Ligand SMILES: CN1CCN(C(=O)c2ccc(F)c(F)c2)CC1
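Only one chain is shown below, in structure tokens, and it's the form deposited without this ligand.
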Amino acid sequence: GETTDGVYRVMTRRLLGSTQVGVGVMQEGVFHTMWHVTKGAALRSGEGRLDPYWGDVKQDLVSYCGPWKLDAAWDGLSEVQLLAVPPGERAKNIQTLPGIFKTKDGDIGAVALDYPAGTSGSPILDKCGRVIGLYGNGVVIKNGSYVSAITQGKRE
């Protein structure tokens, strides 16, 4: 099917009409998304099948057709852009300065932008257009607004 690099919507016909359950990145022949989007199930691209290759529930990531390819990291200083792909809406770049999730195992960048659940898997990019992580796994803060981690995998 379509193997061109880019951002894709992840759709299902199981529920009412066609529903967007998430988003992902196609890079170097590999489709990258969040685990909670597909639950590790197979995907279709036209007549072609995409089979999971690697996944991890704790990282909340999954790759299809090959190993995780995205290795760029947030530099800890600069603004980034969320390339939000909301359900039924055009892809839109939103520029933001990431905050920080501080954990017992280290710090990770976080983006304070709220979008519908079906936007999970939308890529976060640096000024060179490199994907530094995916949007969609995070937390609800005191106010009630959403803060996503900048979730990146490891390129082995």
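Counting begins at 1, following the sequence as shown.
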The stretch whose C-alpha atoms carry the larger average B-factor in the entry, 41-49 or 60-68, is 41-49
Once average C-alpha B-factors are taken from the entry for 112-120 and 25-33, the winner is 112-120
So, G106's CA B-factor, relative to its chain, sits in which third? The highest
Chain thirds by Cα B factor, record data; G133 belongs to the lowest
On the chain's distribution of Cα B-factors, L16 falls within the third called highest
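As for the form solved in complex with this ligand, it is not shown, yet the points below apply to it.
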Taking this ligand as it sits in the deposited complex and superposing it onto this form, judged by whether 3 or more of its atoms come within 2.4 Å of backbone or C-beta atoms, we find the site blocked
How about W68 - does it come within 4.5 Å of this ligand in the deposited complex, if we only consider non-hydrogen atoms? yes
Worksheet item: Is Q59 one of the residues lying within 4.5 Å of this ligand in the deposited complex, judged by heavy atom distances?
Response: yes
Near this ligand in the deposited complex, with a heavy atom at 4.5 Å or closer, the residues from 123-147 are none
